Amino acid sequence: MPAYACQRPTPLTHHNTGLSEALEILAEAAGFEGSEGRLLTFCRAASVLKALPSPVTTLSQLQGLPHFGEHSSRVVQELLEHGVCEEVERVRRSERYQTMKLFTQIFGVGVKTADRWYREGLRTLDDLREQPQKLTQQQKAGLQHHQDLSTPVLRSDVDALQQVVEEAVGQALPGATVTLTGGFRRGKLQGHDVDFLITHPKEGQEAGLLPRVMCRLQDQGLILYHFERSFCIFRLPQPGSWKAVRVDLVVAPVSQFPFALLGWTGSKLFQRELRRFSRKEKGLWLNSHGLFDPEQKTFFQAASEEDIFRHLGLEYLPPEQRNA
């Protein structure tokens, strides 16, 4: 088992779902306390189990696996012996975990804001609604649309959304293209992360594109709430009605498109691990715009995601195997 998640295939569904979910509770709780190192370890340990070819049934089987030390091994041991890990269950039940999860789920609210509200004594969405002057415009929209945004959308909804975006993009700049990214590109059948990546085959033509796309979607009445990244809430048709959905639109020049496609396809852990691998193992600096050699002071050209994996000396993984 290689130590970096970008060195191994990770499918969307696997053989250790309950074990990984428990470790991810501890990772999430560590984030709510600002403990980013512990979050990463628990995320990495969970991801290792997603990559295994069969269920872990005995503690012996964790020997030698990267990111399994005393704490993560104890969690697994308790789940294997008793079906439940007391520490995980204590987290799940706690007022702190439940409230931090509720508040950070709001679009416009991060850990730092949620923690401050928690320390002020706030606990429910209606608590927040009773002091809207304490809210940014972004948080107001997140709160108003929270219920709809809490329900995932289906791939069929995604395909309907992509056609409306393509219509606006075609008027904004004929020849521009729209690519579905995020979790749907990794094979999800449902999810919240509806993301599109927009480019044009002629380098430079995409300059100024995103405002023109946004204006056209607004004129169509599709934008409930809203440069090169736009974080939107869209109206999605439903039988007899509609619902709010979070949609991100991103523009990249074609030269950068493989790097943006790679970054926006995820998973989050996969990208962090890829960037860590690049820098620490290869001495190259990776982001969603390019890959820099700091000794030559040159950027790699890439025409495909395959090029980027080759640059980094990694076997290619298709999107469906990037579910770290």
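A residue's number is simply how far along the shown sequence it sits, counting from 1. Basically, rigid core = biggest C-alpha set you can superpose within 1.5 Å across the two forms.
Superposing on the core and measuring CA offsets in 8 other deposited structures of this protein, the stretch of 100-108 and 214-222 with the greater mean deviation is 214-222. After superposing on the rigid core, the larger RMS C-alpha deviation in 8 other deposited structures of this protein belongs to 227-235, the other candidate being whichever of 227-235 and 136-144 remains.
Going from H226 to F227, the model skips 10 or more deposited residues, which lack coordinates. The PDB entry records a higher mean C-alpha B factor for 47-55 than for its counterpart among 258-266 and 47-55. With 102-110 and 173-181 compared on mean CA B-factor from the PDB entry, the stretch scoring higher is 102-110. Highest C-alpha temperature factor among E166, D248, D148, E89, as the PDB entry reports it: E89. For the set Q133, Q144, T199, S230, the maximum C-alpha B-factor listed in the entry falls on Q133. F299 sits in the highest third of its chain by CA B factor, as recorded in the PDB entry.
When all modelled residues of the chain are sorted by CA temperature factor, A244 is found within the middle third. In the deposited entry, the Cα temperature factor of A252 sits in the bottom third of values across the chain's modelled residues. Looking at the C-alpha B-factors along this chain, the one for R155 belongs to the highest third.
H192: CA B factor in the middle third of modelled residues in this chain (values from the PDB entry).
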